[PDB]
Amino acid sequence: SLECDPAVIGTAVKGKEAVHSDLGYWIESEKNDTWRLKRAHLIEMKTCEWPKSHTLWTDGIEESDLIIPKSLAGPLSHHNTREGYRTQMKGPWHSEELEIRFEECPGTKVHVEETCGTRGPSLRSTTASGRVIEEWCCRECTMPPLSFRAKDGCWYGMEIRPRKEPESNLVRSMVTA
């Protein structure tokens, strides 16, 4: 009952490339030493549960490791994972159209530093004034960095914080999955 409509789901693997898809989601994974989320295009967020019947590699998964949360129809799959990242409960899920993308936001740099702040809600790379924040960090995430390409610009994964900018003056997601 809680389950997404399986009549319009399409999942396929061949070789080193895979996709979980439905009417609104296109979730690409790839084999690069290990299986990992490669990119996703999300058209309209929904709250149903992606059925395991239409999911690749559903066993041995920590729910907290899924990039796209279970509650937002994230596949319960090793294909919906990425080393150094956990579930993006507070991603910019308000955006109508979203791209999850492993690349630095334009004009920004991310450093891996134990000194960084902890994961909080996704921050956008530009202030409300429109100023680009150049330096970011994460404590133990992997490069290239998880980023979200949205209607209002580029947002960073929960792991990724401004390196010196005070978290106060930035735009943050008020969604919680």
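For every residue, the number given is its place in the sequence shown, counted from 1.
J.: On average, are the C-alpha B-factors higher in 109-117 or in 66-74?
T.: Here the higher of the two C-alpha B-factor means belongs to 109-117.
J.: Should the higher mean CA B-factor in the entry be assigned to 122-130 or to 140-148?
T.: For C-alpha atoms only, the mean B-factor is higher in 122-130.
J.: Out of 53, 29, 47, 58, which shows the largest CA B-factor listed in the entry?
T.: Of the options given, 47 has the highest CA B-factor in the PDB entry.
J.: Grab the CA temperature factor for residue 166 from the record and place it in the lowest, middle or highest third of its chain.
T.: Its C-alpha B-factor belongs to the highest third of this chain's values.
J.: Hey, what third does residue 8 fall into on Cα B-factor, ranked over its chain?
T.: Middle third by C-alpha B-factor.
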